[PDB]
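Read the structure below first, then the notes.
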Amino acid sequence: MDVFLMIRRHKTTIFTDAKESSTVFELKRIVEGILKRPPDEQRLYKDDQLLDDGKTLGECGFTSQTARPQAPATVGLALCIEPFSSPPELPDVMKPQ
Amino acid sequence: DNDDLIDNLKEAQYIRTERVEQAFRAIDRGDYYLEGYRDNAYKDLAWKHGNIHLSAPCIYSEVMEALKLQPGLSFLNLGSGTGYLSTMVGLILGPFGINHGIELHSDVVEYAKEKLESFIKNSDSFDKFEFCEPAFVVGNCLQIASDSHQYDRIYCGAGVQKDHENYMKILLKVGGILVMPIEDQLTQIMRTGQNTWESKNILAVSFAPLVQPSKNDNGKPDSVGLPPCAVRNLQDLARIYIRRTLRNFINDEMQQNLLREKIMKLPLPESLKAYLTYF
Amino acid sequence: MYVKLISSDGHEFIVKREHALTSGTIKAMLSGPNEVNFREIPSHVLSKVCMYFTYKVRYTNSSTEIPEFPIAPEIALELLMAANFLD
Amino acid sequence: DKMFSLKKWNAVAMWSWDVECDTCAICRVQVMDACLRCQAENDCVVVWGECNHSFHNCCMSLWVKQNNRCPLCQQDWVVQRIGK
Amino acid sequence: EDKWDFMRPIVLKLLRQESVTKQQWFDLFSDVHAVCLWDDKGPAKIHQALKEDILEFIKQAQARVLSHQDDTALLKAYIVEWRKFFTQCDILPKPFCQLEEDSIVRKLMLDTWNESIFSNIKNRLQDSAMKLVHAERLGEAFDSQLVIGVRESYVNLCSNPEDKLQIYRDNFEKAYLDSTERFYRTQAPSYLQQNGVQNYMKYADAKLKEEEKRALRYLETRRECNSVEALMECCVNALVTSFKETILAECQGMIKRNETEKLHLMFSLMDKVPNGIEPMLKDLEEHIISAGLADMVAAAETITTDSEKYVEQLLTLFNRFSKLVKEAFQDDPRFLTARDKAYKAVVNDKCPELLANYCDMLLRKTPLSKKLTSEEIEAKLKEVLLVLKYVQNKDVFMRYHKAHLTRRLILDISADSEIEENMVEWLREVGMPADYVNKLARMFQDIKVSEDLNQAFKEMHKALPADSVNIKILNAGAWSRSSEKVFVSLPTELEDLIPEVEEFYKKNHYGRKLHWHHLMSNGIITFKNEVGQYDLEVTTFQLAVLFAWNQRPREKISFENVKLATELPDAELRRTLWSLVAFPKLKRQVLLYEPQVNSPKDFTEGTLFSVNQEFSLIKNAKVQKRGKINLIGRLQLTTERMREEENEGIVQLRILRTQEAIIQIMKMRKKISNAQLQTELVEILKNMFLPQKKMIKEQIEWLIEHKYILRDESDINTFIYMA
C-alpha cells in the first residue's frame with residue numbers, strides 16, 4: 001500500500017503519494033508539476049524544517065505508518081498557512097459534555 | 001424457555017463465557033425454526049427437517065465455545081442453513097467483521113432472508129449490539145471460487161469428507177481456526193505456518209455427511225466464490241459512531257435509546273434511517 | 001486530470017478525477033454545464049470527505065482485514081448530512 | 001477351298017442334359033426323339049434354364065408364377081426367356 | 001421554504017437551450033435537496049410544479065409549430081423542436097433525483113410532449129409526408145429526409161419499455177399501406193384494359209420491384225419490423241391478384257405456341273399468388289396429353305407394322321415437351337411432375353411392344369443397322385430406354401426383345417457381336433433382373449461349347465468331309481421352341497454322316513442327347529443347267545427337293561411324288577415349291593410348273609414340276625456361268641404369325657406379371673385387407689405391368705380359387721398368406 005500524504009500552502013492543500021525509498025526532490029517535482037510553480041524562494045519543509053533544497057533520503061521522517069489513508073503525514077510546505085474553520089458545533093444537549 | 005436452557009448450558013459449562021452468554025440470550029430459540037412447530041429448538045434433538053439442519057442446542061453451544069469470536073475477525077460458514085449461527089456470530093464480531101455464508105438450496109436461502117428481516121424488525125436485542133448482518137450465496141461446499149483471499153475463522157456446518165480435508169486447510173489464513181465435524185467428530189485446526197497445521201479433538205458428534213458435487217463440463221467446480229469485500233459508505237459509518245456515543249452516555253447514566261434518538265435536530269427521514277434503521 | 005474541490009470558506013483541495021469520480025453527484029456535475037464549489041459544505045468537513053474517498057479507493061482491493069476510520073463527534077452530524085448529498 | 005460340297009451346312013441340332021445317352025429317366029422313347037414327359041406323364045416343346053437343365057413349358061407359359069420348376073429333372077427353373 | 005424564485009428561471013433557461021452559468025448549474029443541485037429534506041410535502045409538489053412549467057413551454061411550442069402553413073416547414077419545425085427537446089431530455093434529470101433511463105422527469109417530458117404537442121398536430125404530421133411519397137411515384141424526386149425524420153420521432157415517443165411498438169406502428173405504417181393500396185388500385189385501370197397480359201405483367205413486376213425498393217428505403221427495418229411483408233402483400237394484392245383471372249387467359253396461347261420466354265413472366269408473377277399456379281400446371285398437363293393422344297391413339301392402331309414411325313413420333317414428342325418444360329418453367333419440380341403425369345397419360349394408352357421391334361431393327365442385319373455404326377446404334381437404343389423409363393407397362397418390351405435376341409443369336413443373323421454384347425449393359429441400365437441379362441453370356445458360352453464339340457467330332461470322323469462339317473450343338477431351348485418338328489429326307493452326303501454324329505455324341509459325349517431340326521437347317525449344293533452351272537444356298541426342304549431333282553433335272557415329278565420323296569407335309573411342301581417357282585423379286589425361277597396359280601394353296605397333287613433349264617445367276621441382265629444364289633430369305637425366320645402368338649404371350653404376361661405382383665405383396669404382407677393389396681399393387685405393378693382393376697379383380701379371384709392365396713374364414717375382404 002502506498003502512503004497517503006497531505007501538504008499545505010496558504011489556502012491550497014495537496015493530497016499526494018510516493019514510496020518510502022523516494023527522495024524529497026521527487027516530492028518537490030510532483031508539487032512543481034501539479035501547481036506549475038517553480039522555486040521562487042520556496043522549498044519543502046517538514047513541520048517547518050528547511051530540508052535545504054531537497055535531494056536527500058536520510059532525513060525521511062514520513063515513515064509509512066504516519067502517512068496512512070485514514071490519516072495523512074503532514075508536510076510543512078516566508079511561510080503562512082491558513083487553517084480551516086474550526087467546527088462550530090457544541091455537545092448539543094444530547095451529548096452531555 | 002430460552003433463559004432456562006441458557007442457564008442449563010452454563011451449568012453444564014456449555015456456555016461458560018459472557019460473550020456467548022449474551023449472544024444466546026439475544027436470540028430466542030424457535031424463532032429460526034420452522035413455522036409449524038416452534039417448540040423443539042429448546043431441546044437437544046434432531047433439528048433436521050426438509051432441508052433445515054440447524055443445531056441451536058448444546059451442539060452449537062460447543063461450536064461457539066470452540067470458536068473464539070473476538071471482535072474484528074472474519075467468519076466463514078460452510079452450510080449456513082437457516083442462518084441461526086451466522087446471526088449469533090454477527091452479534092459478537094462487531095461492525096468491521098467479514099461475515100459470509102454459502103448454501104446449496106435456494107429456497108432455504110429465501111427462508112433465511114425472511115428470518116433475518118423478521119429478527120431485525122421484531123427482536124428486542126438488536127439495539128443492544130453493533131450487529132453484523134450475514135450475507136449469503138448459493139452453491140456447494142466444495143466449489144468455492146479459486147482465488148478467494150482467506151478467512152480467519154472457518155466452520156463446517158455438516159460432516160466433512162476426509163479426502164477433501166486439505167482442500168479446506170488451504171483456505172485458512174495464517175493463524176486462523178477451523179472447526180469441523182469431520183467423520184462426525186468435532187475438531188479444531190490451527191494454521192501455525194505457511195504449510196504446517198495442527199489439530200485437536202473436541203467431542204464425538206452426530207451429523208449428516210455433505211453432498212458432493214456431480215456437475216461436469218461446466219464452471220461449477222471451485223468456482224462459487226464468496227461475496228465481494230467492499231468498503232462501505234459514509235452514512236453507515238457515521239450512524240455507527242453516533243449510536244456508540246449515545247449508548248456510552250446511557251451506560252454512564254445507568255450507574256431507552258429510541259427516545260434519545262428522536263430529539264437530535266435532524267430531518268425526519270434522517271431520524272428514521274440514519275439512526276433508527278427504520279425501527 | 002486534477003479536479004479541485006473548493007468549499008464555502010474559499011478553501012481548496014486537489015484531487016485527481018479517478019479518485020474523485022466515485023459518487024453519483026460529482027459525475028453529474030461535469031456531466032452537464034474543472035473546479036467544484038460546494039456552497040453548503042464547510043472546509044473542515046470537506047477535508048475528511050476527501051480522506052474517505054482516497055481511503056476507499058485504496059481499500060477497494062481489501063483482502064480480509066478491516067481498519068477503522070475515526071470520526072470525531074464534533075463534526076459527525078454534519079458529515080452525516082453532507083454525506084448523502086454526494087453519494 | 002470348299003466349292004462343291006455343303007461347305008456352309010447349317011446342321012441345326014440341340015442337346016439335353018442327362019447322365020447318359022443310353023437310357024431316359026423322363027421318357028420311354030428314343031433319346032434322339034422328342035421327350036415323352038408331356039404325353040405319358042400328362043407337345044414336347046423344350047426350353048432351357050440358367051441351371052443348364054431342359055424343361056417343358058406346355059402350361060408354364062402362364063403358370064410359371066406358381067409352377068417355376070423343371071419337370072424333366074429335379075431342379076427348379078431359372079427364368080431366361082419369356083418369348084418365342 | 002419558497003425556493004420557487006430561482007428555480008423557475010433556471011428551468012426555463014435549461015429547456016430552451018439558453019446560456020446557463022456554471023454557478024447556477026451547481027446551485028440547483030443544493031437547493032432541491034434542501035427542500036426535500038426540511039419538509040413533509042416537497043416530494044409531492046416539485047414535479048407538479050415541473051409539469052406546469054413543461055406544459056407552458058409545450059404550449060408555446062405548438063403555437064410556433066402550427067404558425068407555419070407549408071408542409072415542409074411544418075415537418076422541419078416538428079423535427080427540430082423534438083430534436084432540441086430530446087437533446088435536453090438527458091440534461092435535467094440529474095437534479096430532481098430520488099423523488100419517486102428510469103427517471104421521473106424524462107417520463108414526464110415524453111408523456112407531456114405527446115399528450116400536448118403530438119396528438120393535436122399529428123393529424124397533419126403523418127399526412128403531408130405521405131403525400132410526398134405519392135409525388136415520388138409521380139416522378140417528383142422529393143427530399144427523402146422529409147419523411148425519414150418523422151419515422152425516427154415516433155419510435156422514440158414510446159417511452160414504454162415493455163411495449164414500444166405503439167406510436168410508430170399505430171400512426172405511421174397504416175398511412176403508408178393505405179396510400180400504397182389507394183395509388184396502385186386506382187392506377188391499375190390505366191393498363192388493366194389498355195394493354196395485354198404480357199405488358200401488364202411486365203408493368204406489375206416493375207412496380208413491385210420499385211415499391212420493394214421504397215419499402216426498404218423508407219419503412220423501418222429495425223428487427224421485428226415485418227414492415228416489408230405487409231407493403232409487399234398489399235402491392236401484390238393491388239397489382240397481380242386484381243388481374244389474375246385475365247392474366248391466366250393467355251396461358252394456353254403461350255403454351256401452345258411454345259413461347260417459353262413469355263411464360264417466364266407468367267410463372268414468376270403467378271408463383272406469388274397462392275391460387276394462381278394451379279391453372280398453368282393444369283394447362284400444361286392437358287395440352288401435353290391432348291397433343292400426344294390426338295395422334296398417338298390413332299397411330300397405335302393404324303401403324304400396325306411400322307414400328308419405326310411410332311417410336312420416332314414418341315421420341316419427338318418426349319424431346320419437344322421436355323425442352324418446353326425445361327425452358328419455360330426453369331425445371332421447376334411441380335412442372336416436371338406435370339410433365340411426367342402427361343407423359344404417363346399418353347404412353348400408357350395399350351402396350352409399346354413396338355419398342356422391342358425397334359431394337360431388333362437396330363440389332364439385326366437390316367437396312368437400318370447396315371447404315372449405322374455401333375456407336376450410333378447405342379445412341380438410338382438410348383432413346384428406347386428413355387421411352388421405357390416412363391411407360392408403366394415395362395415388361396411388354398422383354399417378350400419381343402428376348403424373342404428377337406434368341407432368333408438373332410441362334411440364326412446367326414446378328415448385325416455385330418459387340419452391339420449384341422452391349423445389350424447386357426443396356427438391360428442393366430434399364431434395371432432388368434440379371435437372370436435375363438446374363439442370358440447373352442450363357443448363350444455365347446453354349447456356342448463356344450458347340451464349336452468345341454464340332455471340332456472334336458471333326459478330329460475323329462473323316463459322306464460329307466469333316467472339313468465341311470459344321471454341327472450345331474446348342475442348348476435345348478435354343479432350337480426346340482415349336483411343336484412343328486417337320487423332318488425331311490436328306491442327300492446321301494448327310495444320310496451317311498448323321499448316324500456317325502449321333503453315335504459319337506452318344507458315346508464320346510455321354511449325356512448330351514443330340515436332336516435334329518431339319519426345318520431350320522440349310523446348305524449349299526452345286527447344280528447345272530443347259531445355260532450354266534450355279535450354286536444354290538437353300539433350306540433343307542429345298543435341298544431335298546433339288547437333290548431328288550439332281551439325278552433327273554429334265555424329268556417331270558408330280559406334287560404328290562415330290563411330297564413322297566421329301567416326306568414333307570402339305571404346307572411345308574407348298575411353301576418350298578412356291579419359293580422355288582415364284583421366289584419374290586427373283587430374275588430366274590429354280591423350278592417350272594404347268595398350271596397357273598395365284599398362291600401356294602392353288603397347287604394340286606397332280607401338278608407337274610421340272611427343273612428350269614435356263615435358271616442361273618443373273619448379273620446386269622446377263623446369264624452367268626457360275627455363281628451362288630441364296631433363296632432362303634424369310635423361309636427360316638417367321639411371318640406376321642409371330643406377331644399373333646407373341647401378342648397372346650403379352651396378354652398372358654398382363655395376367656401373370658400382375659398376379660406375381662400380388663404374390664410379392666403377400667410374401668411381404670402375411671395378412672391384409674383387399675384395399676391394402678390394391679394400394680400396394682399401385683406401386684408394385686409399375687415395374688412389370690399395371691393393368692386396370694377390371695382385370696386385377698378377376699386375377700385375384702383366380703389366384704384365391706387355385707388355392708394359392710388364403711382368405712380369412714370370417715372375413716372375405718382379408719387375404720392371408722402362409723409359408
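Labels for the C-alpha cells follow display order: chains A, B, ..., residues from 1 in each chain, ligands from 1.
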Specify as a PyMOL selection string all residues of chain E found within 8 Å of chain C, counting only C-alpha atoms.
-> chain E and resi 20-22+25-27+30+33+91+94
Counting only C-alpha atoms, which residues of chain A come no farther than 8 Å from chain C, as a VMD selection string?
-> chain A and resid 1 4 11 to 15 69 to 71 84 to 87 89 to 91
With N, CA and C atoms retained, write the just-selected residues as a PDB file, in the first residue's frame.
```pdb
ATOM      1  N   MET A   1       0.855  -1.220   0.000  1.00  0.00           N
ATOM      2  CA  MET A   1       0.000   0.000   0.000  1.00  0.00           C
ATOM      3  C   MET A   1       0.876   1.250   0.000  1.00  0.00           C
ATOM      4  N   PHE A   4      -0.644   7.773   2.004  1.00  0.00           N
ATOM      5  CA  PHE A   4      -1.466   8.967   1.890  1.00  0.00           C
ATOM      6  C   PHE A   4      -0.711  10.090   2.592  1.00  0.00           C
ATOM      7  N   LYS A  11      -4.075  28.927   1.361  1.00  0.00           N
ATOM      8  CA  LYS A  11      -5.415  28.381   1.186  1.00  0.00           C
ATOM      9  C   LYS A  11      -5.474  27.342   0.078  1.00  0.00           C
ATOM     10  N   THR A  12      -4.452  26.503  -0.055  1.00  0.00           N
ATOM     11  CA  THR A  12      -4.456  25.423  -1.031  1.00  0.00           C
ATOM     12  C   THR A  12      -3.607  24.263  -0.515  1.00  0.00           C
ATOM     13  N   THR A  13      -4.203  23.074  -0.516  1.00  0.00           N
ATOM     14  CA  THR A  13      -3.656  21.864   0.080  1.00  0.00           C
ATOM     15  C   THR A  13      -3.524  20.824  -1.016  1.00  0.00           C
ATOM     16  N   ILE A  14      -2.609  19.874  -0.845  1.00  0.00           N
ATOM     17  CA  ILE A  14      -2.398  18.807  -1.822  1.00  0.00           C
ATOM     18  C   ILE A  14      -2.474  17.451  -1.141  1.00  0.00           C
ATOM     19  N   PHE A  15      -3.213  16.542  -1.756  1.00  0.00           N
ATOM     20  CA  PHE A  15      -3.159  15.122  -1.455  1.00  0.00           C
ATOM     21  C   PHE A  15      -2.145  14.518  -2.417  1.00  0.00           C
ATOM     22  N   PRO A  69      -3.881   6.218   4.723  1.00  0.00           N
ATOM     23  CA  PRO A  69      -5.142   6.721   4.161  1.00  0.00           C
ATOM     24  C   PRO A  69      -6.098   7.244   5.212  1.00  0.00           C
ATOM     25  N   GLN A  70      -6.220   6.578   6.358  1.00  0.00           N
ATOM     26  CA  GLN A  70      -7.056   7.117   7.416  1.00  0.00           C
ATOM     27  C   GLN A  70      -6.504   8.414   7.973  1.00  0.00           C
ATOM     28  N   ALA A  71      -5.213   8.678   7.783  1.00  0.00           N
ATOM     29  CA  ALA A  71      -4.588   9.855   8.370  1.00  0.00           C
ATOM     30  C   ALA A  71      -3.321  10.234   7.611  1.00  0.00           C
ATOM     31  N   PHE A  84      -8.160  25.729   8.787  1.00  0.00           N
ATOM     32  CA  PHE A  84      -9.538  25.585   8.364  1.00  0.00           C
ATOM     33  C   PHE A  84     -10.448  26.447   9.229  1.00  0.00           C
ATOM     34  N   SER A  85     -11.749  26.193   9.120  1.00  0.00           N
ATOM     35  CA  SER A  85     -12.703  26.754  10.061  1.00  0.00           C
ATOM     36  C   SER A  85     -13.067  25.721  11.120  1.00  0.00           C
ATOM     37  N   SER A  86     -12.747  26.031  12.371  1.00  0.00           N
ATOM     38  CA  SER A  86     -12.926  25.063  13.439  1.00  0.00           C
ATOM     39  C   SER A  86     -14.403  24.747  13.627  1.00  0.00           C
ATOM     40  N   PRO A  87     -14.740  23.510  13.964  1.00  0.00           N
ATOM     41  CA  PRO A  87     -16.140  23.102  13.970  1.00  0.00           C
ATOM     42  C   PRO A  87     -16.973  24.030  14.830  1.00  0.00           C
ATOM     43  N   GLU A  89     -19.653  23.618  16.404  1.00  0.00           N
ATOM     44  CA  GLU A  89     -20.606  22.659  16.931  1.00  0.00           C
ATOM     45  C   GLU A  89     -20.381  22.468  18.420  1.00  0.00           C
ATOM     46  N   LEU A  90     -21.463  22.283  19.147  1.00  0.00           N
ATOM     47  CA  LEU A  90     -21.434  22.108  20.582  1.00  0.00           C
ATOM     48  C   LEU A  90     -21.909  20.711  20.944  1.00  0.00           C
ATOM     49  N   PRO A  91     -21.798  20.314  22.211  1.00  0.00           N
ATOM     50  CA  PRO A  91     -22.315  18.993  22.587  1.00  0.00           C
ATOM     51  C   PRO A  91     -23.753  18.819  22.148  1.00  0.00           C
TER      52      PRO A  91
END
```
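Shell of region 58-60 of chain A at 10 Å, with only C-alpha atoms counted and residues fewer than 6 places along the chain excluded, is residues 20, 21, 22, 23, 24, 46 and 51 of chain A.
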List as an mmCIF file with C-alpha atoms, in the first residue's frame the protein and nucleic acid residues near residue 149 (chain B), meaning an atom at most 12 Å away when only C-alpha atoms are counted, but skip any in the same chain fewer than 3 places from it.
```cif
data_model
loop_
_atom_site.group_PDB
_atom_site.id
_atom_site.type_symbol
_atom_site.label_atom_id
_atom_site.label_comp_id
_atom_site.auth_asym_id
_atom_site.auth_seq_id
_atom_site.Cartn_x
_atom_site.Cartn_y
_atom_site.Cartn_z
ATOM 1 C CA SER B 74 -13.731 -12.888 9.798
ATOM 2 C CA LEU B 76 -16.955 -18.204 7.074
ATOM 3 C CA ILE B 98 -16.449 -10.102 7.429
ATOM 4 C CA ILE B 144 -15.587 -22.072 -3.792
ATOM 5 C CA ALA B 145 -14.022 -19.770 -6.382
ATOM 6 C CA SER B 146 -10.309 -20.482 -6.646
ATOM 7 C CA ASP B 152 -9.575 -16.174 9.859
ATOM 8 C CA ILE B 170 -5.632 -24.137 2.055
ATOM 9 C CA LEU B 171 -8.409 -21.607 2.741
ATOM 10 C CA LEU B 172 -7.414 -20.771 6.313
ATOM 11 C CA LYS B 173 -5.361 -17.638 6.842
ATOM 12 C CA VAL B 174 -2.042 -17.954 8.633
ATOM 13 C CA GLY B 225 -16.879 -17.595 -4.717
ATOM 14 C CA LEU B 226 -17.910 -15.633 -1.674
ATOM 15 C CA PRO B 227 -19.482 -12.148 -1.799
ATOM 16 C CA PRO B 228 -17.054 -9.322 -2.632
ATOM 17 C CA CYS B 229 -15.410 -7.482 0.212
ATOM 18 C CA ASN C 61 -8.979 -4.356 -3.157
ATOM 19 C CA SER C 62 -9.100 -5.258 0.534
ATOM 20 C CA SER C 63 -8.166 -8.861 1.185
ATOM 21 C CA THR C 64 -9.699 -9.853 4.535
ATOM 22 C CA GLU C 65 -8.676 -7.323 7.196
#
```
From a DSSP pass on the backbone, collect the residues of chain D flagged as alpha helix (DSSP H) and hand them back as a ChimeraX atom specification.
-> /D:37-40,60-63
Determine, for each residue of chain E having at least one atom at most 8 Å from an atom of chain D, the closest pair of atoms and their separation in Å to one decimal, counting only C-alpha atoms; order by chain and ascending number, as CSV.
```
residue,atom,partner,partner_atom,distance
E:398,CA,D:82,CA,7.6
E:399,CA,D:83,CA,4.8
E:400,CA,D:83,CA,6.4
E:402,CA,D:83,CA,6.0
E:403,CA,D:83,CA,4.9
E:435,CA,D:80,CA,6.0
E:436,CA,D:80,CA,5.2
E:439,CA,D:80,CA,6.1
E:442,CA,D:50,CA,7.8
E:464,CA,D:5,CA,7.2
E:468,CA,D:7,CA,4.6
E:469,CA,D:9,CA,6.8
E:470,CA,D:9,CA,6.0
E:471,CA,D:11,CA,5.0
E:472,CA,D:12,CA,5.4
E:473,CA,D:14,CA,4.9
E:474,CA,D:14,CA,4.8
E:475,CA,D:14,CA,5.6
E:476,CA,D:14,CA,5.2
E:477,CA,D:47,CA,3.7
E:478,CA,D:14,CA,7.2
E:479,CA,D:14,CA,6.4
E:480,CA,D:46,CA,5.3
E:481,CA,D:45,CA,5.5
E:482,CA,D:45,CA,5.7
E:483,CA,D:43,CA,6.0
E:506,CA,D:21,CA,5.3
E:507,CA,D:21,CA,7.5
E:510,CA,D:20,CA,4.8
E:511,CA,D:20,CA,4.0
E:512,CA,D:15,CA,5.1
E:513,CA,D:15,CA,4.9
E:514,CA,D:15,CA,4.6
E:515,CA,D:14,CA,5.2
E:516,CA,D:13,CA,4.4
E:517,CA,D:12,CA,5.8
E:518,CA,D:12,CA,7.0
E:520,CA,D:12,CA,6.3
E:521,CA,D:10,CA,5.0
E:522,CA,D:10,CA,5.1
E:523,CA,D:9,CA,4.4
E:524,CA,D:6,CA,5.1
E:525,CA,D:6,CA,6.1
E:526,CA,D:4,CA,5.7
E:646,CA,D:83,CA,6.8
E:649,CA,D:83,CA,7.2
E:652,CA,D:62,CA,5.9
E:653,CA,D:62,CA,7.3
E:656,CA,D:62,CA,6.1
E:657,CA,D:65,CA,7.9
E:659,CA,D:65,CA,7.6
E:660,CA,D:65,CA,6.2
E:708,CA,D:66,CA,7.9
```
Would you output that residue set with N, CA and C atoms, as a short mmCIF file (atom, residue, chain, number, x, y, z; two decimals), in the first residue's frame?
```cif
data_model
loop_
_atom_site.label_atom_id
_atom_site.label_comp_id
_atom_site.auth_asym_id
_atom_site.auth_seq_id
_atom_site.Cartn_x
_atom_site.Cartn_y
_atom_site.Cartn_z
N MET E 398 -39.83 -56.93 -72.88
CA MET E 398 -38.94 -58.08 -72.76
C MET E 398 -39.40 -59.26 -73.60
N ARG E 399 -40.71 -59.48 -73.72
CA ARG E 399 -41.20 -60.57 -74.55
C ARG E 399 -40.57 -60.51 -75.94
N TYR E 400 -40.85 -59.43 -76.67
CA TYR E 400 -40.34 -59.29 -78.03
C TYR E 400 -38.82 -59.16 -78.04
N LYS E 402 -36.56 -60.54 -76.06
CA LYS E 402 -35.93 -61.84 -75.92
C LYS E 402 -36.23 -62.74 -77.11
N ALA E 403 -37.45 -62.67 -77.66
CA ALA E 403 -37.71 -63.44 -78.88
C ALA E 403 -36.75 -63.04 -79.99
N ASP E 435 -31.13 -62.29 -64.26
CA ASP E 435 -31.49 -63.58 -64.85
C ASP E 435 -31.61 -63.48 -66.36
N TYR E 436 -32.24 -62.42 -66.86
CA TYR E 436 -32.33 -62.15 -68.28
C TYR E 436 -31.07 -61.52 -68.85
N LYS E 439 -28.29 -63.98 -69.98
CA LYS E 439 -28.65 -64.97 -71.00
C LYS E 439 -27.73 -64.87 -72.20
N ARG E 442 -24.52 -66.63 -71.32
CA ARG E 442 -24.76 -68.07 -71.30
C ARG E 442 -24.86 -68.63 -72.72
N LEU E 464 -20.05 -86.46 -95.99
CA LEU E 464 -19.55 -85.10 -96.04
C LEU E 464 -18.16 -85.03 -95.39
N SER E 468 -15.83 -79.75 -94.11
CA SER E 468 -17.05 -79.02 -94.43
C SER E 468 -18.18 -79.31 -93.45
N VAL E 469 -17.91 -80.06 -92.39
CA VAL E 469 -18.92 -80.42 -91.41
C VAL E 469 -19.01 -79.32 -90.36
N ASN E 470 -20.22 -78.79 -90.16
CA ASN E 470 -20.48 -77.75 -89.16
C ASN E 470 -21.71 -78.18 -88.35
N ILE E 471 -21.46 -78.92 -87.27
CA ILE E 471 -22.54 -79.45 -86.44
C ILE E 471 -22.82 -78.48 -85.30
N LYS E 472 -24.08 -78.10 -85.14
CA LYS E 472 -24.50 -77.20 -84.08
C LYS E 472 -25.05 -78.02 -82.91
N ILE E 473 -24.45 -77.83 -81.73
CA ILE E 473 -24.93 -78.48 -80.52
C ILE E 473 -25.16 -77.40 -79.47
N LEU E 474 -26.38 -76.86 -79.44
CA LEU E 474 -26.74 -75.77 -78.55
C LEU E 474 -27.78 -76.22 -77.54
N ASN E 475 -28.05 -75.36 -76.57
CA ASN E 475 -28.99 -75.69 -75.51
C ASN E 475 -30.34 -76.07 -76.11
N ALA E 476 -31.12 -76.83 -75.33
CA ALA E 476 -32.39 -77.35 -75.84
C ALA E 476 -33.36 -76.22 -76.19
N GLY E 477 -33.42 -75.19 -75.35
CA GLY E 477 -34.30 -74.07 -75.62
C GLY E 477 -33.90 -73.22 -76.81
N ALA E 478 -32.70 -73.44 -77.36
CA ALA E 478 -32.25 -72.64 -78.49
C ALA E 478 -33.01 -72.97 -79.76
N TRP E 479 -33.36 -74.24 -79.96
CA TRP E 479 -33.98 -74.68 -81.21
C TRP E 479 -35.34 -75.32 -81.01
N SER E 480 -35.54 -76.08 -79.94
CA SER E 480 -36.80 -76.79 -79.71
C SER E 480 -37.83 -75.85 -79.07
N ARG E 481 -38.30 -74.90 -79.87
CA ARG E 481 -39.23 -73.88 -79.42
C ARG E 481 -40.59 -73.98 -80.11
N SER E 482 -40.84 -75.07 -80.84
CA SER E 482 -42.11 -75.26 -81.52
C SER E 482 -42.40 -76.75 -81.63
N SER E 483 -43.69 -77.07 -81.77
CA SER E 483 -44.11 -78.46 -81.91
C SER E 483 -44.12 -78.93 -83.36
N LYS E 506 -23.28 -89.70 -78.57
CA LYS E 506 -23.86 -90.54 -77.53
C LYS E 506 -22.78 -91.20 -76.69
N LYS E 507 -21.69 -91.67 -77.31
CA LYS E 507 -20.66 -92.43 -76.61
C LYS E 507 -19.48 -91.57 -76.18
N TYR E 510 -21.12 -88.73 -73.41
CA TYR E 510 -22.29 -89.28 -72.67
C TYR E 510 -23.12 -88.15 -72.07
N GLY E 511 -24.45 -88.23 -72.21
CA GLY E 511 -25.33 -87.23 -71.59
C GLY E 511 -25.92 -86.26 -72.59
N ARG E 512 -25.09 -85.70 -73.48
CA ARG E 512 -25.57 -84.69 -74.41
C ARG E 512 -26.37 -85.41 -75.50
N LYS E 513 -27.70 -85.36 -75.39
CA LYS E 513 -28.59 -86.07 -76.30
C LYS E 513 -28.89 -85.17 -77.49
N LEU E 514 -28.24 -85.43 -78.62
CA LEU E 514 -28.42 -84.61 -79.81
C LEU E 514 -29.81 -84.83 -80.40
N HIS E 515 -30.38 -83.75 -80.94
CA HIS E 515 -31.69 -83.77 -81.57
C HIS E 515 -31.65 -82.85 -82.78
N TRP E 516 -32.20 -83.31 -83.90
CA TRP E 516 -32.09 -82.60 -85.17
C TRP E 516 -33.39 -81.87 -85.49
N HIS E 517 -33.24 -80.70 -86.11
CA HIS E 517 -34.37 -79.90 -86.60
C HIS E 517 -34.08 -79.57 -88.06
N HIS E 518 -34.68 -80.34 -88.98
CA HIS E 518 -34.41 -80.15 -90.40
C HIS E 518 -35.04 -78.87 -90.93
N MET E 520 -34.98 -75.76 -89.72
CA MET E 520 -34.07 -74.62 -89.63
C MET E 520 -32.72 -74.88 -90.29
N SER E 521 -32.43 -76.12 -90.67
CA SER E 521 -31.16 -76.41 -91.33
C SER E 521 -31.19 -75.95 -92.78
N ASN E 522 -30.01 -75.73 -93.34
CA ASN E 522 -29.87 -75.30 -94.73
C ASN E 522 -28.54 -75.82 -95.26
N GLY E 523 -28.22 -75.43 -96.49
CA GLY E 523 -26.95 -75.83 -97.08
C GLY E 523 -26.83 -75.34 -98.50
N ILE E 524 -25.62 -75.50 -99.04
CA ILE E 524 -25.26 -75.06 -100.38
C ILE E 524 -24.95 -76.28 -101.22
N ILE E 525 -25.61 -76.40 -102.37
CA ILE E 525 -25.38 -77.51 -103.29
C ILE E 525 -25.16 -76.95 -104.69
N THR E 526 -24.23 -77.56 -105.43
CA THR E 526 -23.95 -77.16 -106.80
C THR E 526 -24.92 -77.86 -107.75
N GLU E 646 -46.85 -64.03 -80.24
CA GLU E 646 -46.25 -63.11 -79.28
C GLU E 646 -47.32 -62.26 -78.61
N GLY E 649 -48.85 -64.11 -75.93
CA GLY E 649 -47.95 -64.13 -74.79
C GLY E 649 -48.03 -62.85 -73.99
N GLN E 652 -50.89 -62.99 -71.84
CA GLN E 652 -50.60 -63.87 -70.71
C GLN E 652 -49.81 -63.12 -69.65
N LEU E 653 -48.78 -62.38 -70.04
CA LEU E 653 -47.99 -61.64 -69.06
C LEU E 653 -48.87 -60.64 -68.32
N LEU E 656 -50.09 -62.81 -65.74
CA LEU E 656 -49.14 -63.47 -64.86
C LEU E 656 -48.34 -62.46 -64.06
N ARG E 657 -47.69 -61.51 -64.74
CA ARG E 657 -46.93 -60.49 -64.04
C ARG E 657 -47.77 -59.83 -62.96
N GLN E 659 -50.39 -60.99 -61.37
CA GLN E 659 -50.53 -61.94 -60.28
C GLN E 659 -49.25 -62.04 -59.47
N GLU E 660 -48.10 -62.03 -60.13
CA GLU E 660 -46.84 -62.08 -59.41
C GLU E 660 -46.74 -60.90 -58.46
N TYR E 708 -53.87 -70.72 -54.13
CA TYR E 708 -52.59 -70.03 -54.00
C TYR E 708 -52.62 -68.95 -52.92
#
```
Determine which residues of region 67-241 of chain B DSSP labels as strand (DSSP E) from the backbone of this structure, then write them out as a ChimeraX atom specification.
-> /B:74-78,98-103,135-138,151-156,172-182,185-191,197-204
